[PDB]
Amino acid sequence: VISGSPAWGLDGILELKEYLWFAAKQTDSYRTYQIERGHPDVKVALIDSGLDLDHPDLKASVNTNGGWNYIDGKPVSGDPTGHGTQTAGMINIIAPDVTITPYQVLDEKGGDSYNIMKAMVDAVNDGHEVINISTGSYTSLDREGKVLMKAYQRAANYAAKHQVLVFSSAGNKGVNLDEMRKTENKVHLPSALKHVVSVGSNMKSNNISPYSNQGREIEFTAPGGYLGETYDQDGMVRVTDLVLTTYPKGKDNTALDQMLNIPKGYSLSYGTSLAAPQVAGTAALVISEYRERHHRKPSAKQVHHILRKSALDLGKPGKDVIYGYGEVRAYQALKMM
């Protein structure tokens, strides 16, 4: 009898729902909240820039033990850049009750591939069923490059061995990753790795986001938006093509946000780093429903299978270089269960 609405408080401003078009799409106008809202004891590891631990929308789901900062060797105390908090919100808006644990391996200067691997392994050993890595590096496969990849592949093997799904952003260079490999001898890691699910970004229209990396490695797509469908050519920003994010509440958001009266705690943004967690969030939803129905844990393959068959097949019929198996839709995922 009430119209469905996003889990986010949105400061009560009803007009912010316009920028959550991607969430309404994913959750069938939030109907999935009454189908499967997620289990608190399903845990998604957030390998990112930390987390705004007391954000109104995220604090109920944040791992009570908080998480580890590998850069300073201290427990996570916040999120300086805001990147991990934006990623966290995309998991949350789809699966508001799953637990989210921050593994802080990034800050301003960037991050080290080494800490990503360490976080992956720890996250596995800590009982996380899903890992999201919304970052990557473009690595030359010279001698030391291949060793880094070899190492990175062992981390991925370890997660797979323990039935843990790993989702990764495909990257925002707007290049074909296979052409990047033959021409530049580079690879995008960890997204290129076996047992890592590489996720690209589509638009509201379902066209691929122009920045979204393409290639045989792409497995899925999710609505990560952009500044405009043709902004790259015409300079015009369509704010309805962007997606809302949770942003550290004590941090100033952008001039565009202020102009649109987006209060602090939210920001308009885009990117594959915002697509990957939508799939991770959807995976956590499937795991939650499956465990609820059978009181058994599903295999990584079982969840992957559900994601694959429920995806919207876009572009060339089948698994293509642009969309992979296609666009993930959480309500469809649950509907096929």
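Throughout, we count residues from 1 along the sequence that is shown.
Stretches 26-34 and 66-74 differ in mean C-alpha B factor, with the higher average recorded for 66-74. Remark: stretch with higher mean C-alpha B factor among 108-116 and 151-159 is 108-116.
In this entry, the residue among 263, 223, 174, 89 with the greatest C-alpha B factor is 263. The entry lists C-alpha B-factors for 82, 190, 210, 200, and the highest of these is at 82. Annotation for residue 94: CA B-factor lies in the lowest third of the chain's modelled residues.
Sort the chain's modelled residues by C-alpha temperature factor and residue 243 lands in the lowest third, per the entry. When the modelled residues of the chain are ordered by C-alpha B-factor, residue 130 sits in the lowest third. Residue 57 sits in the middle third of its chain by CA B factor, as recorded in the PDB entry. For residue 140, the recorded CA B-factor ranks within the middle third of the chain. Only modelled residues enter the ranking.
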